[PDB]
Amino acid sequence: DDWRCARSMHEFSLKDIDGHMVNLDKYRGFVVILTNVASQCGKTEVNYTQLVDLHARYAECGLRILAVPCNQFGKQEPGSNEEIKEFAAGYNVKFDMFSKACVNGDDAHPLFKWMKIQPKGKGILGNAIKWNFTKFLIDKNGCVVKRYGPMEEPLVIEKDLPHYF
């Protein structure tokens, strides 16, 4: 278990919102938007609305969205996994929700550690995830191809999807 040597997201496993260990090679052959989410961020409703919209219009094209709740940014995701799942159901979320985890620090999930050190997943002024709703566009092979900041709404990613379908 050395994430620094992994060469694809498919090498990692992640607990879904229902406590079941989802093992991420299932998304091989699919385009993946990976994002850390939160319930009480100012950009929560705008991100959830457009993630559901992008899913409804591009799921047939192979787009899969993976939402990982995180409480490391202003403690804006304090609810339990059961509460988070309910909250996501309020937005008619039909993409994949996962268990609340950490994206920064020593206790960060190995997937997010590997994602931040990718060439296209690197960040300016440091590689750490700055705030809620950072997005990582991931191709069919599990390699990070683009990283989007917390201020960029999900529809900004739409223009980049057709190149990887």
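Numbers for residues come from their place in the sequence shown, where the first is 1.
According to the PDB record, 110-118 carries the higher mean C-alpha B-factor of the two stretches 60-68 and 110-118.
When the C-alpha B-factors of 30-38 and 125-133 are averaged, 125-133 comes out higher. Annotation for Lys100: C-alpha temperature factor in the middle third relative to the rest of the modelled chain, per the entry. Per the deposited record, the Cα B-factor of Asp160 falls in the middle third when ranked against the other modelled residues of its chain. Per the PDB record, residue ranking by Cα B-factor puts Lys15 in the middle third of the chain.
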